[PDB]
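Given next, in structure tokens, is a single chain: the form deposited in one PDB entry.
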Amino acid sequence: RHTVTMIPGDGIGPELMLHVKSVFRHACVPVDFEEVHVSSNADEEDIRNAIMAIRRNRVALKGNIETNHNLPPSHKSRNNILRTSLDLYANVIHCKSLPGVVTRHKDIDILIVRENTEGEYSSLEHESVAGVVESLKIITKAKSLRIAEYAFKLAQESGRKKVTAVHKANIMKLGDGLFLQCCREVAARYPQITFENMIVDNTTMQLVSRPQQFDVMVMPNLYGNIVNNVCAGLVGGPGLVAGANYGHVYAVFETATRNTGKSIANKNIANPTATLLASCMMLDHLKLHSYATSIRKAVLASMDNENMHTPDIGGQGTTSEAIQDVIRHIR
């Protein structure tokens, strides 16, 4: 039996974590969740103990912690703090067309590998003189090599064919250029993989017109935020796609688009699919593959039934009715 940290988070986090527990119970998953909560308190005591708990269990499942962007800059995003403190340097999401969720595009099958600790997320800003603010985007060779190594290894191991580095090196010549150059260094050791690059602006334009051209995509932190959300939207929205955050020893699983869903919480309408799929990825990571597969196929099969769809994907069903159908299909 494995002990896993569970951070309920805000908005729809708590309610969806209850359904993960119900599914895990019915499936007799040998996993015990050890819950840590993170308040809105300016004090980092909460976020600090959640880190210590993940350092101990090594594996976590989390909802999104709300960030109040009206608070002073000293009050930092708790999600970013946790990401960076545990050095979970790879954010990985898999956006794939679901035959039961028909959108404007089909045949999409994209693995996005996003540098998850650096870049525009470094929390370095200052006001030299009043009304003049500088924010410091940091790109390093060590972290860009690291994420590029991850993307090419993932491409090779899952049998993919192309890695596209997404960047703005035409304007940020030194920073995005370094990131691009680190991708190129790694590409030289994976001659069986096609390496291409594309400017982030053109990438969005190609995603809304021919997203089928993309295979594996690797990019620094903010561009990954953009491409993750574009790709998630293309395949049916934030209720569907799971995300993973990997470091060398730790791993935290969540929904791909990292949304709180405050405006739909406690209404029994949130789509549980992405949270459930995240909990299966965590099960695979724990080498509990037979459980992961039982739950995932039930979850995926439920998607083929439009009667089970929640409103975010054009349906009318409640969360609990979706969970009921998932549990009925775990046998």
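The first residue of the shown sequence is 1; numbering continues from there.
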{"query": "Mean C-alpha temperature factor, higher of 27 to 35 and 272 to 280", "finding": "27 to 35"}
{"query": "126 to 134 or 180 to 188, whichever carries the higher mean Cα B-factor", "finding": "126 to 134"}
{"query": "Residue selected from 194, 259, 144, 221 by maximal Cα B factor", "finding": "259"}
{"query": "Highest-ranked of 104, 114, 94, 167 once sorted by CA temperature factor in the record", "finding": "104"}
{"query": "Relative C-alpha B-factor of residue 61, binned into the chain's lowest, middle or highest third", "finding": "lowest"}
{"query": "Third of the chain, ranked by Cα B-factor, where residue 71 sits", "finding": "highest"}
{"query": "Lowest, middle or highest third - CA B-factor, residue 315", "finding": "middle"}
{"query": "Chain-wide C-alpha B factor ranking for residue 247, given as lowest, middle or highest third", "finding": "middle"}
{"query": "Residue 99 - which third its CA temperature factor falls in, relative to the rest of the chain", "finding": "highest"}
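What follows is about the form deposited in another entry, which we do not show.
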| property | result |
| --- | --- |
| Comparing forms between the shown form and the other one, the hinge position between rigid parts, one of 238, 137, 262, 160 | 238 |
| Change in CA distance between residue 58 and residue 157 in the other entry, which is 3 Å or more, as closer or farther | closer |
